[PDB]
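Below is one structure, written out as structure tokens; the observations come after it.
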Amino acid sequence: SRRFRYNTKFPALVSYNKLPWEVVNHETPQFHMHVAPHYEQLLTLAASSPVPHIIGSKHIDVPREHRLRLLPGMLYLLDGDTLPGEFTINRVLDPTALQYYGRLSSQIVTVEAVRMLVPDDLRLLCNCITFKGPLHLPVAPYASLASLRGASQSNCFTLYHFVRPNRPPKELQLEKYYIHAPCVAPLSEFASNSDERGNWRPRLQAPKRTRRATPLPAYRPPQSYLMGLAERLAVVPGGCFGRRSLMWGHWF
Amino acid sequence: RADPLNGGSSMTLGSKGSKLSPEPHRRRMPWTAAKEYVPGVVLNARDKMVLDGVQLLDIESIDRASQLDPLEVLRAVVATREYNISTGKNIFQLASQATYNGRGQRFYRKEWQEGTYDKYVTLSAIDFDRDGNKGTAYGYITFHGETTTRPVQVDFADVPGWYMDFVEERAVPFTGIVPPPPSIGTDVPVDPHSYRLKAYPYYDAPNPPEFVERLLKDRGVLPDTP
Amino acid sequence: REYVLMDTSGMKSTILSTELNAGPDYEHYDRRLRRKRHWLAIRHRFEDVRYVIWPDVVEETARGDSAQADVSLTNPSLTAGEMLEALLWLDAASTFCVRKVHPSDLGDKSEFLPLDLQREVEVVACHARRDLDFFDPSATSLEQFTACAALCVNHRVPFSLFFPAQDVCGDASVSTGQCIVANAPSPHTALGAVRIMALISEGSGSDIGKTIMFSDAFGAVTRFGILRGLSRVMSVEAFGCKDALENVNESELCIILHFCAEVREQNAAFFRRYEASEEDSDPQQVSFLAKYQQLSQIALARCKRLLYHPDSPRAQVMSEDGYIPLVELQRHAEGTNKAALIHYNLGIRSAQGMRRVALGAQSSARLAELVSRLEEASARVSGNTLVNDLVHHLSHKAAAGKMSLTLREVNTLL
Amino acid sequence: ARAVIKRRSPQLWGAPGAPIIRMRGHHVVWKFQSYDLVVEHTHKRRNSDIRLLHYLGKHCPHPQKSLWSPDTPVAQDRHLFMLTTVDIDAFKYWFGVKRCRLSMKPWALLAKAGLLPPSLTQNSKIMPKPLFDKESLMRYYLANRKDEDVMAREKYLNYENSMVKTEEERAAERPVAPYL
Amino acid sequence: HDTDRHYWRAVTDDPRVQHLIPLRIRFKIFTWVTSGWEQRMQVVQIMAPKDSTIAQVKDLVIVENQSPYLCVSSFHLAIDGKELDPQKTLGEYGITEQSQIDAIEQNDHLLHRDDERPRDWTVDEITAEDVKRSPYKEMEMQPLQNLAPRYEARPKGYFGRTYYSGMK
Amino acid sequence: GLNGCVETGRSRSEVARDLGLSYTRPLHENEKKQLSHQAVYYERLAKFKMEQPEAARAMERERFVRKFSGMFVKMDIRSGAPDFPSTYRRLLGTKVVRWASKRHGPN
Amino acid sequence: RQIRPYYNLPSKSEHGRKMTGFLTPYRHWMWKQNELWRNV
RNA sequence: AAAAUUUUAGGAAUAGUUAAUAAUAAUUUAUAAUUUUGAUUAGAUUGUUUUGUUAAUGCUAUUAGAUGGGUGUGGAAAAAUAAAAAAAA
Ligand SMILES: [Mg+2]
């Protein structure tokens, strides 16, 4: 019969797409929280390695029929803050959403503008991040970002990332660009094509020590009531990071 | 599982600790995750003596017959201000009185500094509800120099007991974005003169003489007499 | 409607020897007698009240038509919408009639057969063309249009009678498929598009070369009406999200691939001419080419998904606008803690029409044939990767005993 | 995990919990009381027809006189005897492989038997608990720190296989005759 | 867990056996030497069946590149400059492992990832999801760290004291 | 094709299927109808679903609603017992009146 | 059983328990000393 | 999940029914299933060497204390009397 074809273990479950709490809304700052680290990692990778199709001469041109099918997942950089047509523009002025770009602005490139483009059918969102100023990180001559005028060093370049409006965060997640390339800035001093080779001297032996380390200030036990033994409470050494077994820096 | 105490040691049930692993033991109760908590009962049981002896007016009632003398209203306002901070100031109460809403400033708990604990949160954004004393605060966490990469929510923000030391240089206008504080060992170079690590992962503070004496007297080693 | 939606859990209608000279047992009335009596009563009531529910129409001459219209306007007892709803429920009951006869059945054996509703279809078509606009671009009216076309095809009544006869005078004579492709509203869902395409295929029994053939022997677009009809059938709103076929099972996928193959075969010269990146200088033709390419690509992607990931959560279907009780239960509850979802175990697996889908035997054979047809005449089916994978899947399932081949599948594969 | 829990006998986790070795007692008068060292679940399986995972032994609380004094006399031969039985292979299997729990009375009994060190609760009032000082502990460790390789070999012999062949055993195992 | 195999068979059945050819496809890449960009050759190894067409070989290359630098853009396969017909098989062209197959790319056209067939797919249909290693690259009885060894806890017959018969 | 494979457990039908043989007794008209009407009913149902969307949608929604609201949706031991009236025959009469008999087959 | 010494933090609540699980810093230090002895 | 063992002085019909199924949530197909080799309903009774007795493979005992609407919680309902039990320093 039909009832005894298989047991009832592991039944078919509704996908996370239908569930509202699973998906992420673009209006909420969680969208920018999810997409900012990917943007900064992509910029770090492009500042040291040539990514083939991360920089284009003009916006990607596809027929309107295939636009909704092909655009999601696309990501590319251009010079200047020109925006694609058929896209209602919404600038992100919310500080709660903007705070997630703070590290990207401070350490990679000063972030100037954040915009969300909603299409006519509200089914293909675009995220445009316009950065002003040269790259803080050193840029290799072979790096992809060396091509951009406003990156290597007006002086503004935009990054466009196409996604779908209501999807789980895995759709936003970008992992193809998590390729680690070395930065040769600390090693450029000793390179043959650098005129600083005869300056540094190798310190091959540790200097003789006549004094020990300065003694730490006398330990003062805490005064306020503590919650208890964090090791027994399975709390990481400061509630932040580490291992519970290797307890350290918690009131003692 | 992920983080056992003393490895796998089942000599007694107490040797496993008050909790087996920091992550929630059941997938259906994420609120059971291990984290540092605060004495919410004491920090929310405010003193009613300040409220006593002063008349109060309910917000709903705006009828004329329920109105009070303006001097009584003023003393009611000051009494409510005292009552709301009797057990300590809130992080929102501190941020409401600072320029740029205290963005870029460091907030720390009373117990985050005493002992080997050295922890503070650098504010990045705050969203007040219609009740300004509550809301949601996002900031960067710095623990013994190491600083997180992204702003996270501040746990027990509404619970009072916070302290801030405002610095005009750290103030960030709303136009810009708060930069994450640099990592003392990673981002900026290590400098023993600027910052010195209070405790390293294998450091244990020496036993205080008062604690040792108390323990010996309780155990009966030292001759404690009335 | 009560008959159609009757709960048939414990019916168990099979021949019992002991009930030769009497009906079913007293305790078996609800099980093995109620549905048969209900449908016989439906048959009798329809035979009694058909001429009342759908009065006979008489066009006569032009003056006779004017008099008939005046009488209808004087006495519009039932409007076209409710008449159509009644006819649809009657057709559903007729299709789901009782078929098995018993020796105890004192009535005629021809009674347990589906009804003939040609006159009722004619009358409802007369009222539909009498009213100014029976069909609307809304999806509900798309469903009504699909139902009307289905009624016409089932009861061999020529279409376009729902529509004003001036178009028929212009086109001399229009077949059911031509009428469907000329008056079909642009769908909003892949399911609606599948229904429309199936109706298009079914309307022309053997004249498929006259209803979807818009090209000449050289590739020039001759009939632009068919081109526009196909263009609005394969709409972006229905095939745009790259997941348009996420709720399409094997039968619907077969329908889609058959429609694509038929279009390509009837317009082979046009496609093989304008697939070489040659501009047609016509926005309509470019849009049609793009829509066809998108439809073919998404259909092939869905077929590959079903073939390579059977029963997986990726290859799961669900009825359109399906009801998920978990969301409603969460919305209408105490949200004190948002991680405390109620009825989680039941609601995670509960959904309307959600079931795992994998390719069967007939489905796999027909899909292999259609994918072979979708390529060129000189294209190597041996080199075609998907066809070989489908054939090997059929062989593997037949050797593992998870399915069996019938003579239809043998004739499809040989 | 229940609406109205069993207040007179609660536990720490759900049923059936981890195996625990305990001395199950009978329901008789004290004069004829005896215990059974058995391993069972944390929650007693008195409902089902299988109650214990294994039966380790029986203990007699009441001491009996030495019935073997006329035999070869040794020191303290004529003191009262407390007879008890204990399975060794099963105990070691459950203790090491299955990693079952352990109560305090079985722990004390096995401490007498010599399988395990004296229990945590077998504490005298003669000396209080030790007081630990981090600096003194570190100084002692620095004074007596063992070699890395020596400690690795010690723990390998204690935990991994202790039947490690020597060069002589390997040479004897190696074929020397015409290899066929 | 329904893998269409409910018995034990150590031998390898004939249907699973496949005839393969170790082809190599070379791409013209550019590396940044101390002076500038210099031309180099990057070789990707594939196992293509003897009865495979040029289109099938191209699809295998796209699947098995496993690098966001070789098959990023559209390309076509040629031998000695002469383009290979994608509708022809390897037998007609006489291609062997010694044959040098070059790939010429078009920068303007970008190769969209339209591959949905898993790289581990075979006739047995026993595909391991979330596995990006090709079926040929890794082959070993690697130890498993996700699970844990399990010993028997419920005894059968004997529980303790005297064995007697054992109650088998 | 008359013998099963002891090594693999395959029955004689599986052995004949693998060998390409055919062991099918001459079927009567009722048996032929049983083997032939499955495709007819499937085609009828598919045609109805593709031809009457509103009726099929209403029927499917009602069926899903009753399935979801059923009291014994959970798949516990009692629901997983192949023969509920026979296995849990203590409940019949006093508590459950759905089945008037505790035995329906040769078990 | 978790010990609740009288000198723990008193919860001035009439709707729940009268004593809290928070402990004085000496109790934390003493508890660690007892933890070390059980670790042996 | 299976196989064997299964009570009554005055012995007969039983039924949300059997199998097949592209059918989870069966609008279909069948010459269906149970039973005089003792069924179903009704009565009695906690099923599988434990008691008593005898020369006895006889006769006579037995709380293995086991299950759909009360919360869909939980890994698992058994969850509102008890039943000698150590439950996170
Ligand atoms: Mg009987």
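So the sequence lines, in the order shown, correspond to chains DR, Cj, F3, CP, DU, CO and Cd.
Here the first sequence stands for residues 10 to 162, 172 to 270, numbered as in the deposited numbering.
The deposited numbering applies: residue 10 is where the second sequence begins, and numbers increase by one.
The deposited numbering applies: residue 139 is where the third sequence begins, and numbers increase by one.
The deposited numbering applies: residue 9 is where the fourth sequence begins, and numbers increase by one.
The deposited numbering applies: residue 58 is where the fifth sequence begins, and numbers increase by one.
The deposited numbering applies: residue 323 is where the sixth sequence begins, and numbers increase by one.
The deposited numbering applies: residue 10 is where the seventh sequence begins, and numbers increase by one.
Note that beta-carbon positions come from the ideal geometry of N, C-alpha and C, so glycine has one too.
Beta-carbon proximity list for residue i, same chain, < 6 Å, skipping 5 on both sides
| i | result |
| --- | --- |
| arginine 511 (chain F3) | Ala399 |
| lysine 143 (chain Cj) | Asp167 |
| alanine 23 (chain CP) | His51 |
| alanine 134 (chain Cj) | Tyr147 |
| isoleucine 153 (chain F3) | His240 |
Reference residue i, options the options, closest by Cα
| i | options | result |
| --- | --- | --- |
| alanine 503 (chain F3) | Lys535 (chain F3), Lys429 (chain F3), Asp254 (chain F3) and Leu289 (chain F3) | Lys535 (chain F3) |
| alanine 199 (chain DR) | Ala56 (chain DR), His145 (chain DR) and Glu249 (chain DR) | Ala56 (chain DR) |
| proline 34 (chain Cd) | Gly260 (chain DR), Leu264 (chain DR), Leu251 (chain DR) and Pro239 (chain DR) | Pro239 (chain DR) |
| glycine 111 (chain Cj) | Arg118 (chain Cj), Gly148 (chain Cj) and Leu80 (chain Cj) | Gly148 (chain Cj) |
| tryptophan 178 (chain DU) | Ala471 (chain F3), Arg443 (chain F3) and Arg546 (chain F3) | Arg443 (chain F3) |
| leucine 343 (chain CO) | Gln360 (chain CO), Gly331 (chain CO), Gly323 (chain CO) and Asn429 (chain CO) | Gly323 (chain CO) |
| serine 95 (chain Cj) | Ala43 (chain Cj), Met58 (chain Cj), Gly17 (chain Cj) and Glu69 (chain Cj) | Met58 (chain Cj) |
| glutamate 121 (chain DR) | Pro61 (chain DR), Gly111 (chain DR), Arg132 (chain DR) and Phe208 (chain DR) | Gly111 (chain DR) |
| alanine 331 (chain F3) | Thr349 (chain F3), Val374 (chain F3) and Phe297 (chain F3) | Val374 (chain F3) |
| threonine 217 (chain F3) | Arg201 (chain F3), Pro448 (chain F3) and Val262 (chain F3) | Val262 (chain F3) |
| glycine 124 (chain Cj) | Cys135 (chain DR), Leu234 (chain DR) and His41 (chain DR) | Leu234 (chain DR) |
| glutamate 458 (chain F3) | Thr474 (chain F3), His447 (chain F3) and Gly491 (chain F3) | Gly491 (chain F3) |
| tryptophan 102 (chain CP) | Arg16 (chain CP), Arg10 (chain CP) and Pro27 (chain CP) | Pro27 (chain CP) |
| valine 230 (chain Cj) | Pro138 (chain CP), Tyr148 (chain CP) and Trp115 (chain CP) | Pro138 (chain CP) |
| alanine 231 (chain DR) | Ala54 (chain Cj), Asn53 (chain Cj) and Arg205 (chain Cj) | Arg205 (chain Cj) |
Cβ-based neighbour list, residue i, same chain, cut-off 7 Å, excluding 5 preceding and 5 following
| i | result |
| --- | --- |
| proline 463 (chain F3) | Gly485 and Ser488 |
| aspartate 527 (chain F3) | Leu445 |
| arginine 221 (chain DR) | none |
| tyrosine 48 (chain DR) | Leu113, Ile138 and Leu177 |
| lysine 73 (chain CP) | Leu88 |
Nearest-angstrom Cα separation, counted from residue j out to residue i
| i | j | result |
| --- | --- | --- |
| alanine 146 (chain Cj) | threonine 146 (chain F3) | 59 Å |
| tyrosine 345 (chain CO) | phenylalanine 352 (chain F3) | 52 Å |
| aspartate 157 (chain CP) | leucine 165 (chain CP) | 12 Å |
| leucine 532 (chain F3) | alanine 368 (chain CO) | 22 Å |
| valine 82 (chain CP) | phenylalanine 89 (chain CP) | 14 Å |
| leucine 110 (chain CP) | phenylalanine 220 (chain Cj) | 34 Å |
| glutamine 64 (chain Cj) | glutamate 81 (chain Cj) | 7 Å |
| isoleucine 191 (chain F3) | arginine 493 (chain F3) | 40 Å |
| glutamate 182 (chain DU) | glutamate 168 (chain CP) | 41 Å |
| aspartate 61 (chain DU) | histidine 133 (chain DU) | 39 Å |
Cβ distance (whole Å) where residue i is taken to contact residue j below 8 Å
| i | j | result |
| --- | --- | --- |
| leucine 395 (chain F3) | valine 509 (chain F3) | 7 Å |
| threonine 523 (chain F3) | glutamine 113 (chain DU) | 6 Å |
Nonlocal neighbours in the same chain, by C-beta distance under 8 Å from residue i, ignoring five residues either side
| i | result |
| --- | --- |
| residue 573 (chain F3) | Residue 573 (chain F3) falls outside the range modelled here, since chain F3 spans only 139 to 552, and no answer is possible. |
Worksheet item: Any residues in the stretch 402-419 of chain CO with a beta carbon nearer than 9 Å to a beta carbon of chain DR? Which ones, in chain order?
Response: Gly402 and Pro404
* Asked: Taking a cut of 9 Å between CB atoms, which residues from the stretch 61-78 of chain DU lie near chain CO?
  -> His63, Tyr64, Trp65 and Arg66
Open item on the list: Please identify, using Cβ separations under 8 Å, the residues of the stretch 15-27 of chain Cj that lie next to chain CP, in order along the chain.
Closed with: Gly17, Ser19, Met20, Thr21 and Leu22
Discussion item. For the stretch 136-154 of chain DR, list every residue whose C-beta sits within 9 Å of some C-beta in chain DU, in sequence order.
Written reply: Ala149, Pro150 and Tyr151
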